[PDB]
Amino acid sequence: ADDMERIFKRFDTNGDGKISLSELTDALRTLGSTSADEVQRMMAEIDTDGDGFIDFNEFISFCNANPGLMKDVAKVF
Ligand SMILES: [Mg+2]
């Protein structure tokens, strides 16, 4: 039972293997996140294909990095 799994599936409402990393940073604004601007530049780190999608390894790399964004995000997962 992983926490990052829930959030990862949160955006994955299309039954896909990846989730848009662009809509995330822009979506966090609704979650009440005050780092939507910092997350936008952070999500780019996990993205190695610079595409509008991220897999489990990508999304995870964000948390494993402990940047300080997913810390508060996963808290409301
Ligand atoms: Mg990617």
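Don't overthink the numbers, they just go from 1 along the chain as shown.
Cβ coordinates are placed from backbone N, Cα and C, and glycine is handled just like the others.
Pulled from Swiss-Prot:
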BINDING   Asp12, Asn14, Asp16, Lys18, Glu23  Ca(2+) 1 binding site
BINDING   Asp47, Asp49, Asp51, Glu58  Ca(2+) 2 binding site
DOMAIN    34-69  domain 'EF-hand 2'
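What Swiss-Prot annotates, mapped onto the structure for a quick look.
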residue	record	Cβ neighbours (10 Å)
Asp12	Ca(2+) 1 binding site	16
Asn14	Ca(2+) 1 binding site	9
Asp16	Ca(2+) 1 binding site	11
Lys18	Ca(2+) 1 binding site	18
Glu23	Ca(2+) 1 binding site	12
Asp47	Ca(2+) 2 binding site	19
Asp49	Ca(2+) 2 binding site	10
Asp51	Ca(2+) 2 binding site	12
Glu58	Ca(2+) 2 binding site	20
Determine, for the Ca(2+) 2 site, the additional residues of the same chain whose CB lies within 8 Å of the mean position of the CB atoms of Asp47, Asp49, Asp51, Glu58; present them in sequence order.
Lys18, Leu21, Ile46, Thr48, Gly50, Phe53, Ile54, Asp55
List the other residues in this chain whose Cβ sits within 8 Å of the Cβ centroid of the Ca(2+) 1 site residues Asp12, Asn14, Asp16, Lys18, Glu23, in sequence order.
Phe11, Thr13, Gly17, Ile19, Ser20, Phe53
Which binding-site residues among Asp12, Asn14, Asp16, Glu23 have CB under 6 Å of ligand 1?
none
Tally the residues of the domain 'EF-hand 2' (34-69) by DSSP class, grouping H, G and I as helix, E and B as strand, and everything else as coil.
20 helix, 1 strand, 15 coil
